[PDB]
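What follows is a set of notes on a single structure, which appears directly below.
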Amino acid sequence: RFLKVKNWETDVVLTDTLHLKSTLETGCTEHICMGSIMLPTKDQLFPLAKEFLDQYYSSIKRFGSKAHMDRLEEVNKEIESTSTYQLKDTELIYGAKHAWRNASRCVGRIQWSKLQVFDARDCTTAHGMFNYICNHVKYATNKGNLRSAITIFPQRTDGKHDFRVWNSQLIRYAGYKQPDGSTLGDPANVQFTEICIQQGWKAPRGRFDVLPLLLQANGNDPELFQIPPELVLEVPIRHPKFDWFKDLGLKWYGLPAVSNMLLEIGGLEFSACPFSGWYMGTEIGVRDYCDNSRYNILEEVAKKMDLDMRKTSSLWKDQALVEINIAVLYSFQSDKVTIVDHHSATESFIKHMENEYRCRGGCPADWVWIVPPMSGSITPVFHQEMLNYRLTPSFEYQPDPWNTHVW
Amino acid sequence: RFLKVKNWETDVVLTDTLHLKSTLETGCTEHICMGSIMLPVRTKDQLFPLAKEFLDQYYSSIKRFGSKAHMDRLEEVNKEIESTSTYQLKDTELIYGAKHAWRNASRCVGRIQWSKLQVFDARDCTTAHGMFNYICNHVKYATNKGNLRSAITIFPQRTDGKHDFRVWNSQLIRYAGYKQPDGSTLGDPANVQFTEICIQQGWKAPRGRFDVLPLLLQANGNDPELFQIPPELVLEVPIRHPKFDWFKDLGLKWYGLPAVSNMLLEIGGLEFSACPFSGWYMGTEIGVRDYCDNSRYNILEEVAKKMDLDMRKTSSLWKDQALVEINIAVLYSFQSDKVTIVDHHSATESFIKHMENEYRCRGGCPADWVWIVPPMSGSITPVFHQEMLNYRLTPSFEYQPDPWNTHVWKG
Ligand code: HEM
Ligand code: HEM
Ligand SMILES: Cc1cc(N)nc(CCc2cc(CN)cc(CCc3cc(C)cc(N)n3)c2)c1
Ligand SMILES: Cc1cc(N)nc(CCc2cc(CN)cc(CCc3cc(C)cc(N)n3)c2)c1
Ligand SMILES: C[C@H](O)[C@H](O)[C@H]1CNc2nc(N)[nH]c(=O)c2N1
Ligand SMILES: C[C@H](O)[C@H](O)[C@H]1CNc2nc(N)[nH]c(=O)c2N1
Ligand SMILES: [Cl-]
Ligand SMILES: [Cl-]
Ligand SMILES: [Cl-]
Ligand SMILES: [Cl-]
Ligand SMILES: [Zn+2]
Ligand SMILES: [Zn+2]
Ligand SMILES: [Zn+2]
C-alpha cells in the first residue's frame, strides 16, 4: 500500500507508491513466495483501453481534456461496433516504450525512452514479415553501434489469425543431437532446429549455424526464410592475455533480439513484436557459454589454464568463469560492437531506479533477474531491496506456437 | 494442492505438498512479491493450538501419534497453560524443536546438517554471569580445536516480555568497528553502533582492526553486563594466498566460528529470545561479504592494486578477478590450519541433494533463492537454476528488534 525499500550498502530508503497501480498477478500469496519460479470480450476490453488511454493522456498532460474524452468516446464506439480498436501511432509508440519501462526483469531500462519503434501493422504475409525483420536487424545492428528497436506486427483478432515469429530470438544457433549422444551447437535450440529440418531447412550441421526464421502471418502455417548472412554481425572470441583462447573456435552474435513474447497495450495483444537492445557481457560468457545445458565450456577452458581441477575449493571454476567473461567483453570492444559489462549496467540501473522512484513513485524489479549471474554482491543491485509487481503495457510470455498451431 | 518446481539445468520436476503445513505470512500478496525484502506477550487463547500442533508433529515424528503418551502430554500441557499461562517443554521436545527450526530455515544453504546439532539446554540459567559461562562452553565445544561442531544454546523462554534473556551481540564472535573523527572507520563498519554501546557500558577498547568484541548479556530483563570471551577460546585464521606471497601482508584474519546470537527461536508457541547457534563458514561469507562489501572491510581495491590489474575500466573485470583471489585465499588458509570450512560449490551441491531428499521424505523444502544462491559465481552453482518455494514452517528462527531499541533501563 505504501512501501519502503532499503539499500543495505548505502542505507538509502525509498518509498514506492507506483505499486498501487499494479494490475496483473504475481503468483505469490501470503502463504508462499514464488519469486524464483520462471513462469509463476467487449466487456473486458473497454476497461483495459480506458486504463491505457487515461495514462497516455495523463503523460501528455491533457488528462480530462476534450481530446482525452473524444478519444475515449471514439475507442468505445469502435469496440462496440468492431469488438476491437486500432491504436494511434502516438499511442503505439508510448505503449511499446512503457512495456519496456515496466519490464521488471530488465536491467537495461535506463534506456527505455530511446526505443525506435517500427510499425509493421500493415504487414500481411510471411514474406512481408521477413522484409520488416531484416530491416530491424540492419537498423539495430548499425555496423556495431547498436540501437534499441522493436517491430510490431498486426494485433491478435479472433485468435485464429495470430502473427508469430516461431524463433525465440531473431538470431540464434542450431543444436543437433548426435549418434554419439552429445549435442552439437546450442543444446537450447535442439527442438526448434528439428521443426526447421521438418519444415525443409537444409541444416549445415555445424556448431554455430544461424537458424532460419520461421514466420507465421495471419494464422497461416509458418514459412522459412534465411536472414542475409551479411546482416548477421558476429564476433570471434579471443582473450587479451591468453593467445590459446582463440583456438576454442568460439564466436557469438552481436544482436540480442527476443522474438517470442507478447506485447499487451490497452487490452490489445501483439503476438509478434520482436525487440532488441545490446548484450550485457555475462549473458554470453556466463549463461550462453557456461551453463551445463548450454555450450558448457568451463571444463575445457580450465584445462587450457592448467588449474588444479581436482577439488572445487581451488575455485578453478570461478577462475575460468572470470576469464571467459573478460574474453567476451574484450572481443566485442575490439570489434567496436556495443556491449555493457555487469558493473556498469547495474550501476546504471541503480541510477535509473532512483529517477523512477523520484519522478514516477517506483520501479518494479525482479531481484532474481536483475542481479547478474556472477559476482552478484560486488554489484550495487545485490544490496538493493526491490519490489516486483506487474504494470501494463507489458511484455508477457506466451506458449510456443507449435503446441498451439493447427496445420 | 500440489505445487511443482523445475530445475532449468536438468529439467527435473519436484512436487511440493509441505507448503500446505505453512501457517505464518510471507510479506507477498497476489499483487506484490517481497522476495528481496530483508525484513518483511502471547495469550492462553493463541497458545494451546500452537502447542497442540507442535506436539502433534513431535508425536508423529516419533511414530506415537494418538498414543496414550501423546494424549497425556496434550492434557498435561493444556492444564499447565490454563493454570500458569505457559508451559515447559520436555528435553526431547526442545531438541526436536531446535533441530526443526534449523530444518525449516529457508535462508540456510547448510541444512543437510540439520539432524546433527548439539543442543545445550540452558533453561536453568538465571544470571548474566550464568549466560557467560554457558556461552564460553558452547564456543569451546563448537570450536573443538578447528574440527567445528554445530551447536545451539537455549536460555529460558519469554514469560511476560519484561524478563527476556537476550544476547545483545548479533554474533558471539565479531570484530569491533570504530568511527573516526575524519569519517573513516577502523575495524568492521557493521559493528560500529554495538561497539559504541560496549564502550558506553565500560569496555576498554584496544582500537585495532580486529578486536574481538565483549559479550553483552541480559538475563531476566535486567540491564545487560559485559564479559570478555577468554582469548584462548577464540580460534582465528590469518589469511594468506597459496601463490601470492604479499597477501599475508594485507594483515587479514578471521574467526573460525560463525555463531548467530540475535534471533528468536519459536517452538510450540514458546519464545526463546536468547538462543545462540553456530555451524561453520561457507568461504564466501568471509571472502565475498565480510571482506568485499563496500560497507564492510572493503578490500577489493587494495587487493587489485597489489595484483596490478587494470583498474581504469570496470570492463577489465578487475573486481571479479580480485574477488576470486581473496576467496581462494580464505579457503586455502582455513584448510591449511585445519579449521572446517566449505566452498560454495560443495555447499550448494550438498543442498540440492538435501532438497531432493526432503521433497521425497517430507513433501518439500522451503528455500529462499535470494539467500541460497551464493554472492559470487551464482549461475555456475547448481542452486541458481533451481526453482524454489519460500514459505514459513514452525518451529522457526525469527528476527527480533535489537534490544537497545526496546530495553527498559533499570539504571
Ligand atoms: C539496451 C540494451 C539492453 C540491455 C543491456 C538489456 C539487459 C537485459 C538483461 C541482462 C536481461 C535478463 C537476461 C539474463 O541476464 O538472463 C533482460 C531481460 C529482459 N529485457 Fe532487457 N536489455 C536491453 C534492452 C531491452 C529492450 C530494448 C527491451 C524491450 C523493448 C527489453 C525487455 C526485456 C524483457 C521483456 C526481459 C525479460 C526476458 C524474459 O523474461 O524472458 N530489454 N534485458
Ligand atoms: C553447519 C554449517 C552451516 C553452514 C555452512 C551454513 C551456511 C549458511 C549461510 C551461507 C547462510 C546465509 C548467510 C549469508 O551468506 O548471509 C546461512 C543463514 C542461516 N542459517 Fe545456516 N549454516 C550452517 C549452520 C546453521 C545452524 C546450525 C543453524 C541453526 C541451528 C543455521 C540457521 C541459519 C539461519 C536461521 C539463517 C538466516 C540468518 C538470517 O536470516 O539472518 N545455520 N547459513
Ligand atoms: C532485448 C534484450 C537485450 C538483452 N541484452 N538481453 C535480453 C534477454 C535475452 C534472453 C535470452 C535467453 C536465452 N539465452 C532467454 C531469455 C528468456 C526467455 C525464456 C525462455 C525459457 C525457456 C524460459 C523463460 N522463463 N524465459 C531472454 C533481451
Ligand atoms: C549458523 C551460521 C553458519 C554460517 N556459516 N553462516 C551463518 C549466517 C551468518 C550471518 C552473518 C551476518 C554478518 N556478516 C549477517 C547475517 C544475516 C543477519 C542480518 C544482517 C543484516 C545486515 C540484515 C538482516 N536483516 N539480517 C548472517 C550462520
Ligand atoms: C536486498 C537483498 O534482499 C539483500 O541485499 C540480501 C540479498 N541476499 C543476501 N543473501 C545472503 N546470504 N545474505 C544477505 O545479507 C543478503 N542480502
Ligand atoms: C530458478 C530461477 O528462477 C532461474 O534459474 C532463473 C534465475 N535467474 C535468472 N536471471 C536471469 N537474468 N535470467 C535467467 O534465465 C534466470 N534464471
Ligand atoms: Cl542470449
Ligand atoms: Cl539461465
Ligand atoms: Cl560473517
Ligand atoms: Cl550482505
Ligand atoms: Zn543459466
Ligand atoms: Zn513473492
Ligand atoms: Zn553483502
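Labels used: A, B, ... for chains in the order of the C-alpha cells, numbers from 1 for residues in each chain, and numbers from 1 for ligands as shown.
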
- chain A residues within 8 Å of chain B, counting only C-alpha atoms: which ones, as a PyMOL selection string? chain A and resi 5+9-10+19+22-38+286-287+290-293+312-315+317-319+321-322+326+329-330+341+343-344+367-368+373-378+385-390

- Message: For ligand 3, return the neighbouring residues as a PyMOL selection string (distance at most 7 Å; only C-alpha atoms and all ligand atoms).
- Response: chain A and resi 38-39+256-258+275-280+283+287-288

- Query: What residues in segment 60-277 of chain A get the DSSP label strand (DSSP E)? Please answer as a VMD selection string.
  - Reply: chain A and resid 116 to 119 149 to 152 164 to 165 175 to 177 183 to 185 213 to 216 223 to 225 234 to 236 251 to 253 257 to 258 262 to 265 268 to 270 275 to 276

Go ahead and dump the residues you just picked, C-alpha atoms, as a CSV table (one decimal), in the first residue's frame.
chain,number,residue,atom,x,y,z
A,116,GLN,CA,13.0,3.0,-32.1
A,117,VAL,CA,9.5,1.7,-32.9
A,118,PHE,CA,8.8,0.2,-36.3
A,119,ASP,CA,5.1,-0.1,-37.0
A,149,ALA,CA,14.3,-1.2,-31.6
A,150,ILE,CA,11.0,-3.1,-31.8
A,151,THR,CA,8.9,-4.1,-34.8
A,152,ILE,CA,5.2,-4.5,-34.1
A,164,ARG,CA,4.0,-15.1,-34.7
A,165,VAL,CA,7.8,-15.5,-35.0
A,175,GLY,CA,21.5,-27.5,-31.9
A,176,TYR,CA,21.7,-31.1,-33.2
A,177,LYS,CA,21.6,-34.4,-31.2
A,183,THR,CA,24.9,-32.3,-28.7
A,184,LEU,CA,26.5,-30.2,-31.5
A,185,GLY,CA,25.8,-26.5,-31.4
A,213,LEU,CA,13.3,-17.5,-39.3
A,214,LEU,CA,10.0,-19.4,-39.2
A,215,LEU,CA,7.4,-16.8,-39.7
A,216,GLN,CA,3.7,-17.1,-39.3
A,223,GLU,CA,7.3,-20.3,-43.6
A,224,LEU,CA,11.1,-20.5,-43.6
A,225,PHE,CA,13.4,-17.6,-44.5
A,234,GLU,CA,29.2,-11.9,-35.3
A,235,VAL,CA,32.2,-11.6,-33.0
A,236,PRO,CA,35.0,-14.2,-32.8
A,251,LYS,CA,32.0,-16.8,-31.6
A,252,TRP,CA,28.7,-15.1,-30.7
A,253,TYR,CA,26.3,-12.8,-32.5
A,257,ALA,CA,16.6,-9.9,-30.1
A,258,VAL,CA,13.7,-11.5,-28.2
A,262,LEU,CA,3.6,-10.9,-26.4
A,263,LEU,CA,3.2,-7.1,-26.1
A,264,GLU,CA,-0.1,-6.1,-24.4
A,265,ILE,CA,-1.1,-2.5,-24.9
A,268,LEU,CA,-4.7,-5.3,-27.4
A,269,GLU,CA,-2.3,-8.2,-27.9
A,270,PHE,CA,0.7,-8.1,-30.3
A,275,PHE,CA,12.6,-6.4,-29.9
A,276,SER,CA,16.3,-5.9,-29.4

- Neighbour list for segment 46-48 of chain B as a ChimeraX atom specification, cut-off 8 Å, only C-alpha atoms, skip fewer than 6 positions in-chain: /B:78,81,86,268-269

- Surrounding residues as a PyMOL selection string, ligand 9, max 8 Å, only C-alpha atoms and all ligand atoms: chain B and resi 174+258+281+285-286+289-290

Those in segment 181-260 of chain B with helix (DSSP H, G or I) from DSSP, as a PDB file with N, CA, C and O atoms, in the first residue's frame:
ATOM      1  N   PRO B 189      32.942  -2.019   9.892  1.00  0.00           N
ATOM      2  CA  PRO B 189      31.939  -0.946   9.946  1.00  0.00           C
ATOM      3  C   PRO B 189      30.551  -1.448  10.352  1.00  0.00           C
ATOM      4  O   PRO B 189      29.783  -0.671  10.923  1.00  0.00           O
ATOM      5  N   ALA B 190      30.268  -2.744  10.145  1.00  0.00           N
ATOM      6  CA  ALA B 190      28.970  -3.319  10.515  1.00  0.00           C
ATOM      7  C   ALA B 190      28.723  -3.221  12.009  1.00  0.00           C
ATOM      8  O   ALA B 190      27.589  -3.167  12.409  1.00  0.00           O
ATOM      9  N   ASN B 191      29.782  -3.201  12.829  1.00  0.00           N
ATOM     10  CA  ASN B 191      29.618  -3.230  14.278  1.00  0.00           C
ATOM     11  C   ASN B 191      29.974  -1.942  15.012  1.00  0.00           C
ATOM     12  O   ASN B 191      30.209  -1.963  16.236  1.00  0.00           O
ATOM     13  N   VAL B 192      29.983  -0.824  14.289  1.00  0.00           N
ATOM     14  CA  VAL B 192      30.209   0.481  14.912  1.00  0.00           C
ATOM     15  C   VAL B 192      29.218   0.777  16.058  1.00  0.00           C
ATOM     16  O   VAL B 192      29.622   1.139  17.163  1.00  0.00           O
ATOM     17  N   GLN B 193      27.922   0.598  15.823  1.00  0.00           N
ATOM     18  CA  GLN B 193      26.952   1.026  16.827  1.00  0.00           C
ATOM     19  C   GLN B 193      27.027   0.187  18.094  1.00  0.00           C
ATOM     20  O   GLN B 193      27.009   0.719  19.214  1.00  0.00           O
ATOM     21  N   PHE B 194      27.093  -1.133  17.904  1.00  0.00           N
ATOM     22  CA  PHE B 194      27.264  -2.037  19.017  1.00  0.00           C
ATOM     23  C   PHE B 194      28.554  -1.770  19.810  1.00  0.00           C
ATOM     24  O   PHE B 194      28.540  -1.792  21.058  1.00  0.00           O
ATOM     25  N   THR B 195      29.668  -1.579  19.094  1.00  0.00           N
ATOM     26  CA  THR B 195      30.944  -1.181  19.714  1.00  0.00           C
ATOM     27  C   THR B 195      30.761   0.071  20.591  1.00  0.00           C
ATOM     28  O   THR B 195      31.220   0.094  21.727  1.00  0.00           O
ATOM     29  N   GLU B 196      30.061   1.093  20.092  1.00  0.00           N
ATOM     30  CA  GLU B 196      29.821   2.319  20.895  1.00  0.00           C
ATOM     31  C   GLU B 196      29.054   2.007  22.174  1.00  0.00           C
ATOM     32  O   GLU B 196      29.363   2.548  23.214  1.00  0.00           O
ATOM     33  N   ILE B 197      28.069   1.107  22.088  1.00  0.00           N
ATOM     34  CA  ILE B 197      27.335   0.641  23.261  1.00  0.00           C
ATOM     35  C   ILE B 197      28.269  -0.025  24.284  1.00  0.00           C
ATOM     36  O   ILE B 197      28.241   0.318  25.478  1.00  0.00           O
ATOM     37  N   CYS B 198      29.118  -0.937  23.811  1.00  0.00           N
ATOM     38  CA  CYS B 198      30.058  -1.662  24.681  1.00  0.00           C
ATOM     39  C   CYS B 198      30.974  -0.696  25.414  1.00  0.00           C
ATOM     40  O   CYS B 198      31.214  -0.854  26.603  1.00  0.00           O
ATOM     41  N   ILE B 199      31.454   0.306  24.683  1.00  0.00           N
ATOM     42  CA  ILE B 199      32.319   1.344  25.227  1.00  0.00           C
ATOM     43  C   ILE B 199      31.555   2.134  26.299  1.00  0.00           C
ATOM     44  O   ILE B 199      32.050   2.361  27.395  1.00  0.00           O
ATOM     45  N   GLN B 200      30.322   2.499  25.974  1.00  0.00           N
ATOM     46  CA  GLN B 200      29.489   3.237  26.886  1.00  0.00           C
ATOM     47  C   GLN B 200      29.226   2.445  28.160  1.00  0.00           C
ATOM     48  O   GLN B 200      29.127   3.020  29.232  1.00  0.00           O
ATOM     49  N   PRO B 231      40.485 -15.150  25.502  1.00  0.00           N
ATOM     50  CA  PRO B 231      41.063 -15.131  24.130  1.00  0.00           C
ATOM     51  C   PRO B 231      41.473 -16.527  23.656  1.00  0.00           C
ATOM     52  O   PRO B 231      41.325 -16.831  22.488  1.00  0.00           O
ATOM     53  N   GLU B 232      41.947 -17.375  24.562  1.00  0.00           N
ATOM     54  CA  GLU B 232      42.329 -18.730  24.180  1.00  0.00           C
ATOM     55  C   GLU B 232      41.146 -19.586  23.650  1.00  0.00           C
ATOM     56  O   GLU B 232      41.356 -20.631  23.040  1.00  0.00           O
ATOM     57  N   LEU B 233      39.911 -19.116  23.834  1.00  0.00           N
ATOM     58  CA  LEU B 233      38.763 -19.815  23.308  1.00  0.00           C
ATOM     59  C   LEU B 233      38.325 -19.344  21.894  1.00  0.00           C
ATOM     60  O   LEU B 233      37.479 -19.980  21.274  1.00  0.00           O
ATOM     61  N   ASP B 245      52.542 -14.280  -2.328  1.00  0.00           N
ATOM     62  CA  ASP B 245      53.172 -14.174  -1.035  1.00  0.00           C
ATOM     63  C   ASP B 245      52.872 -12.834  -0.327  1.00  0.00           C
ATOM     64  O   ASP B 245      52.929 -12.756   0.890  1.00  0.00           O
ATOM     65  N   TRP B 246      52.533 -11.791  -1.080  1.00  0.00           N
ATOM     66  CA  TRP B 246      52.196 -10.489  -0.466  1.00  0.00           C
ATOM     67  C   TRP B 246      50.843 -10.461   0.213  1.00  0.00           C
ATOM     68  O   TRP B 246      50.538  -9.516   0.958  1.00  0.00           O
ATOM     69  N   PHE B 247      50.016 -11.471  -0.049  1.00  0.00           N
ATOM     70  CA  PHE B 247      48.657 -11.474   0.503  1.00  0.00           C
ATOM     71  C   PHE B 247      48.625 -11.443   2.062  1.00  0.00           C
ATOM     72  O   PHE B 247      47.837 -10.695   2.666  1.00  0.00           O
ATOM     73  N   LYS B 248      49.515 -12.209   2.698  1.00  0.00           N
ATOM     74  CA  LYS B 248      49.575 -12.227   4.159  1.00  0.00           C
ATOM     75  C   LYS B 248      49.836 -10.837   4.734  1.00  0.00           C
ATOM     76  O   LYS B 248      49.405 -10.527   5.843  1.00  0.00           O
ATOM     77  N   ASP B 249      50.535 -10.004   3.975  1.00  0.00           N
ATOM     78  CA  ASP B 249      50.917  -8.690   4.457  1.00  0.00           C
ATOM     79  C   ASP B 249      49.791  -7.658   4.392  1.00  0.00           C
ATOM     80  O   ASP B 249      49.964  -6.540   4.879  1.00  0.00           O
ATOM     81  N   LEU B 250      48.652  -8.018   3.794  1.00  0.00           N
ATOM     82  CA  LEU B 250      47.432  -7.235   3.979  1.00  0.00           C
ATOM     83  C   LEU B 250      46.957  -7.212   5.451  1.00  0.00           C
ATOM     84  O   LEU B 250      46.092  -6.406   5.824  1.00  0.00           O
TER      85      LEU B 250
END

Show me a table, sorted first by chain and then by increasing residue number, of the residues of chain B having an atom at most 6 Å from ligand 2, each with its shortest atom pair and the distance in Å to one decimal, counting only C-alpha atoms and all ligand atoms and written as a Markdown table.
| residue | atom | partner | partner_atom_place_in_ligand_line | distance |
| --- | --- | --- | --- | --- |
| B:102 | CA | ligand 2 | 29 (C) | 4.6 |
| B:105 | CA | ligand 2 | 35 (C) | 5.4 |
| B:107 | CA | ligand 2 | 37 (C) | 5.1 |
| B:108 | CA | ligand 2 | 17 (C) | 4.0 |
| B:109 | CA | ligand 2 | 7 (C) | 5.1 |
| B:110 | CA | ligand 2 | 6 (C) | 4.0 |
| B:113 | CA | ligand 2 | 1 (C) | 5.8 |
| B:150 | CA | ligand 2 | 27 (C) | 4.9 |
| B:151 | CA | ligand 2 | 27 (C) | 6.0 |
| B:277 | CA | ligand 2 | 30 (C) | 5.3 |
| B:278 | CA | ligand 2 | 27 (C) | 5.0 |
| B:279 | CA | ligand 2 | 2 (C) | 3.8 |
| B:280 | CA | ligand 2 | 2 (C) | 4.3 |
| B:281 | CA | ligand 2 | 5 (C) | 4.8 |
| B:282 | CA | ligand 2 | 5 (C) | 4.6 |
| B:285 | CA | ligand 2 | 15 (O) | 5.1 |
| B:371 | CA | ligand 2 | 12 (C) | 6.0 |
| B:397 | CA | ligand 2 | 35 (C) | 5.2 |

What does the file look like for those residues with N, CA and C atoms, as a compact mmCIF listing (two decimals), in the first residue's frame?
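Dumped everything to result-v5.txt:
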# COMPACT_ATOMS: atom_id res chain seq x y z
N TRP B 102 15.98 -25.24 12.51
CA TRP B 102 17.06 -25.24 11.53
C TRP B 102 16.58 -25.89 10.24
N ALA B 105 14.67 -23.53 8.23
CA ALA B 105 15.24 -22.20 7.98
C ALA B 105 15.48 -22.00 6.47
N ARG B 107 16.40 -19.67 4.50
CA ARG B 107 17.55 -18.93 4.01
C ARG B 107 18.88 -19.65 4.24
N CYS B 108 18.86 -20.87 4.80
CA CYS B 108 20.12 -21.58 5.12
C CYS B 108 20.50 -22.69 4.14
N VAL B 109 21.65 -22.51 3.48
CA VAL B 109 22.14 -23.47 2.49
C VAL B 109 22.72 -24.69 3.19
N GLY B 110 22.96 -24.59 4.50
CA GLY B 110 23.71 -25.64 5.20
C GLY B 110 22.84 -26.76 5.78
N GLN B 113 22.83 -30.63 7.23
CA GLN B 113 23.42 -30.95 8.52
C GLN B 113 22.40 -30.91 9.68
N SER B 150 28.32 -28.18 15.01
CA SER B 150 27.13 -27.35 15.15
C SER B 150 26.54 -27.45 16.54
N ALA B 151 26.10 -26.32 17.08
CA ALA B 151 25.52 -26.33 18.41
C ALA B 151 24.59 -25.15 18.59
N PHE B 277 23.36 -19.89 18.10
CA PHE B 277 23.64 -21.12 17.35
C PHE B 277 24.80 -20.90 16.37
N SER B 278 25.55 -21.95 16.11
CA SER B 278 26.78 -21.87 15.36
C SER B 278 26.90 -23.10 14.46
N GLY B 279 27.59 -22.94 13.32
CA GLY B 279 27.97 -24.08 12.49
C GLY B 279 29.42 -23.85 12.07
N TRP B 280 29.66 -23.86 10.76
CA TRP B 280 30.95 -23.46 10.19
C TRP B 280 30.73 -22.59 8.96
N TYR B 281 31.75 -21.86 8.52
CA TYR B 281 31.58 -20.93 7.44
C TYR B 281 31.54 -21.58 6.07
N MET B 282 30.77 -20.98 5.17
CA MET B 282 30.97 -21.16 3.74
C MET B 282 31.93 -20.04 3.35
N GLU B 285 31.06 -16.21 2.70
CA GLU B 285 30.64 -15.32 3.78
C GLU B 285 31.78 -14.38 4.22
N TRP B 371 18.77 -15.81 -0.88
CA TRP B 371 19.80 -16.16 0.10
C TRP B 371 20.55 -17.40 -0.21
N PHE B 397 13.36 -20.05 13.35
CA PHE B 397 14.15 -18.88 13.79
C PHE B 397 13.55 -17.59 13.22

- Message: Which residues are close to residue 227 of chain A, i.e. within 10 Å by only C-alpha atoms, leaving aside same-chain residues fewer than 5 positions away? Reply as a ChimeraX atom specification.
- Response: /A:130-131,133-134,137,170-171,210-213,232

- Query: Quick one: residues within 7 Å of residue 346 of chain A, only C-alpha atoms counted, chain neighbours fewer than 3 positions away excluded, as a PyMOL selection string?
  - Reply: chain A and resi 107+342-343+349-350+379-381

- Message: Nearest residue to ligand 13 out of B:276, B:287, B:224, B:146, using only C-alpha atoms and all ligand atoms?
- Response: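 Going through B:276, B:287, B:224, B:146 one by one, the smallest distance to ligand 13 is for B:287.
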